[PDB]
Each structure stands twice: as C-alpha cells, then as structure tokens.
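Just the one chain here, the form deposited in one PDB entry, laid out as structure tokens.
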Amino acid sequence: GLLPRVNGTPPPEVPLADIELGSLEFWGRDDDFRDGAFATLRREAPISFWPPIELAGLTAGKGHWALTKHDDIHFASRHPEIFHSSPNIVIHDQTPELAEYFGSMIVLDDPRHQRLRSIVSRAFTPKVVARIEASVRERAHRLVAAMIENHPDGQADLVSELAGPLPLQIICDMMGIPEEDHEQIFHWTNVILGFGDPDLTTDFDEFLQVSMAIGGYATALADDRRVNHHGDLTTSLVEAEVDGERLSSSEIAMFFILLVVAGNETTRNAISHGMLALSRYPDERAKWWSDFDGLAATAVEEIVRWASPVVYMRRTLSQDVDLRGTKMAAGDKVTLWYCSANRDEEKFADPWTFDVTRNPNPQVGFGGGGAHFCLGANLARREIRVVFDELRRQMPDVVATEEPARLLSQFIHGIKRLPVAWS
C-alpha cells in the first residue's frame, strides 16, 4: 500500500496564491504540497507575513514573519540580542495559564537561560552519552526483540512498538522516572504536543487537565528527591542554586516538563520518517545495511535533514529589522522554518535526493545554532543510530506497508502510526 516514489524528484510547483500558512487545512496536506509551498516561498516570497492558525486562534495574538532561507534562519538564531526567545517559541501567545506549565528556559533569554541550562547540560555531553550507550542499546535490542515475539505474523505499528518507546525510556531513565510510569508520561506528552489533532485532543480543557497532571507528577517526584537524593536529573533540579537561591517548585516543574516533552516528541519522528525514507528509496537501505558502521554518521545526519522533526521555532524582535528588503518592526513575531532551510537550494546540491552518504550536510534540524542549540542533539543521534542497527540485525527487510497517519501540527512533523512488515 506504499505509494511508489523516485529519489530526487522535486515537489510539483505550488502557485504563490495557493499558500495559506495560517490555515489548518494547509498543514493537513501531504509533504509534497507542503515542500512545494516552501519552495515557492524561497523563490518568490522568502520573507512574508501570516496570521495564526485558527486552533485557539482567538487568544493567539498577532501574526508572524516567516523566514524560509537557510541564511536568514542562521542570522536570526545567532543574534538573540535582536531575535529574542522571550516571550514564546511557538506562534501562539503564552497566556498566564499556559505560562504556569511552559515558562521554561526555552522561552527565556540569557543570562537566566544559561544559568538554568547549566544545571543539567553536563548530563548531555558526548562522554556522558557514551557512558549510557550500552543502556541505550540494551533498551533498543529488547524492544525490537519484543516486536518479533509480540507479532508472529510479522506486522506491527513501528511508532507504538519502537519509535516512541525507545526515546521515552531513555529520557525517563535520565530523569529518574520509574518504569511503571512510562506509559502515563508518554500519553501526557503526546497530548501536550498534539493539540488540534482529534486522535490526540481538540479540547483545550483536556489539554489543561493533562498539563495539570504532569505538573503534579513532576512536583511529587521532585519532593521525594529533595528528601532522598538520587543520581538523576530530577535531583539535580531540586539541589541547584542560582546565585544562592534555589529553584521554585514552579521552576522545577516547568524544567521537568520541558525535558520529558522534548525527549519524547522529537527523536521518534526522526525514526519514523527515517523508516519511511528507507522504504521509499531502497537503494539507500541497501547501501547502509551493506556497511552500517561505515555509513552511520552520514546516514543519521541525512535522516534528521529529511525528517526535520521540529518544523519551526519562533523569535520576537526587540528593534526594527530590514532583512532581504522586508522591513519588520520592533515587537513583531518571526518564525524560523527549519523544514524549509533543510531543502534550501542555495545550501544543498540536490536537496530533493535522500542520500545516506551525504557530505557535507549543514542540516539545521537541531536549529540554526547558538544559545538554544538542541540540548539532546548528541543523545538523539545515538538513539537513531542504535534503533536502525537493531532493525538491521534482527529484521533487515522491515518496510512500511502503508502511507503513515500524519499528525495535524504546524510545529511538529509527527507520524502517529506507521504499519511495517518483516520476514
């Protein structure tokens, strides 16, 4: 049931008049239409203004300027003195009731951002990730083995059985979340980054119920670790002193929520889109499987470029900015479309070819660099690598058998369900 594709094919041309970045219906279209829309913007309207989507649109606040060029997204990322992460990194205004749960370091500027990031950043270094490499592989090995055992007919949903669980288990392990609570945590983060998709929720009170629930989970776990320290990130949070003063319970909960949402709702889509690409372009599977360790570094970078799991991130101007002939005003919202930068014809020879040997590969799936560069980048790369190594070893012919069920989202390039089959 997988539709045939030809590597290197550009999307059909999308007329400039047909693009509505502010409509839910646009984000419901398939990737060819979306990719073609962003190609048209790069060529004919590389900076342009759009209204918020209608999803909770009455409280969204103002519209935004869309940056579609790799170099413009780079400039914005590298100059937070102009393009601020405060007050929010999605288009929607962060209302007071949302700020209760989501006013974390990701919506702060330096120096407070850096002081918060430094509490945990040593647990995400390459050498620390190398320590828990063996744990990461054991968890991936066991999940892939369970897929074979749980599905003797050789068919299953890659997302529920592997792509979701592996990153979930790792970040829960690093936070010190008990094994019995994994499913509950994943349900909550699925809803928090699925608002607007009816398979997740379209009811904002249910969203607020979930946010309440994970916030209360976080504070209860932090309260236990304050009494009895463990060697986990939650204990690092309760123990930290920023200029002699400890974090508030509110600050601890927001930080906890940031880490588990980010760890649960990103890598899984790199894996699902990676499987889809290897299914559509079998020469690339054949190349990688023939020399997994020789090709893994370039293959992992190309999977992130192809998937762009985070579609965009917002910034806010503190001064007037005249960029590429477009005059934007102090206080305007500006959006950084990584999904577009990662197809930029000025930065990639042959952007429409999925090439697991690609080098160089200046992909900005982890953002354009700078102060908020993805804290989990090293971890995510290892998570992707070990999952595909275990699929290669245990079920080398695993392939998608249907087009995926796509998450309805402007922010997250989500695959909800991906049927696969193996011999």
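Here, rigid core means the biggest group of C-alpha atoms that superpose within 1.5 Å across both forms. Residue numbers run from 1 along the displayed sequence.
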Looking at the entry, does 265-273 or 239-247 show the higher mean C-alpha B-factor?
239-247
Take the C-alpha B-factors listed in the entry for 291-299 and for 226-234, compute each mean, and give the stretch with the larger one.
226-234
Between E179, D71, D157, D109, let me know which has the highest C-alpha B-factor in the entry?
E179
Between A134, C172, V90, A307, which carries the biggest CA temperature factor in the record?
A134
Should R385 be placed in the lowest, middle or highest third of its chain by the C-alpha B factor in the entry?
lowest
Ranked against its chain, the third holding the CA B-factor of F38:
middle
Select lowest, middle or highest to describe the third in which the CA B-factor of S279 falls within its chain in this entry.
middle
Check where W352 lands among this chain's C-alpha B-factors and tell me if it's the lowest, middle or highest third.
highest
Within this chain, which third does the Cα B-factor at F366 fall in: lowest, middle or highest?
lowest
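Keep in mind the form deposited in another entry is missing from the figure; the text below concerns it.
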Only one of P282, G294, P126, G154 shifts its Cα by 2 Å or more between this form and the one not shown once the rigid core is superposed, namely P126
Rigid core fitted, is the C-alpha displacement of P309 between this form and the one not shown 2 Å or more?
no
Core-superposed comparison between this form and the one not shown, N190 Cα displacement 2 Å or beyond:
yes
For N269, decide whether the Cα shift between this form and the one not shown is 2 Å or greater, given a superposition on the rigid core.
no
Between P126 and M313, does the Cα distance in that other deposited form come out closer or farther than in this form, changing by 3 Å or more?
farther
A 3 angstroms or greater change in CA distance between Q410 and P96 is reported in that other deposited form. Closer or farther than in this form?
closer
